[PDB]
């Protein structure tokens, strides 16, 4: 492991506004990307995460951030799942691309593929506008991720990108930051 590792390249077929479209990581150059894998279409926590991000999508897009979801399921299954009502555990209409990883290459490239299970864990990745990986969140299967936390992290990374100050534990917009220098730091710590 090294600092400022580029996110691994991916490309594949996604369902975007009900259509099959080719999609690649570099389509998101210039924007932050929340790229997240979920285990399996037609399961349990997975739709709740896709819906949680989808229903709050503008809170990301308004800060130059896009969201893409990915599983090992086919694009046909993705579409069938979109075409399933929420009340039956479907997604209904969704504005987040659903990337298909049938070959498992994308999941393996991101280190999130479970060899025993044939699908991914709940792996979420925050990739900056330069394609550099900034954050990795990996959850075991029974526990969903947090849109609140993902937003906070995106906010924090964008802030430190712009200002060069660093973000303390629990930082949210408006919170104090630190000048990352042995002298400069005392402005924060003495305060």
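Numbering follows the first chain given and starts at 1.
Legend entry - Residue range whose averaged C-alpha B-factor is higher in the record, 117-125 or 89-97: Looking at the recorded C-alpha B-factors, 89-97 comes out higher on average.
Legend entry - Selected stretch [higher average CA B-factor]: 172-180 or 20-28: Higher mean C-alpha B-factor in the PDB entry: 172-180.
Inset, instruction - Compare the CA B factors listed in the entry for 66, 140, 165, 149 and report the winner. - result: In this record, 165 carries the highest C-alpha B-factor of the candidates.
Inset, instruction - Place residue 134 in the lowest, middle or highest third of its chain's C-alpha B-factors, as listed in the PDB entry. - result: For residue 134, whose C-alpha B-factor we compare with every modelled residue in the chain, the answer is the lowest third.
Legend entry - Third assignment of residue 49 from its chain's C-alpha B-factors: Answer is middle: the recorded C-alpha B-factor places it there.
Inset, instruction - Looking at the entry's B-factor column for C-alpha atoms only, identify whether residue 156 ranks in the lowest, middle or highest third of its chain. - result: According to the entry, residue 156 has a C-alpha B-factor in the chain's middle third.
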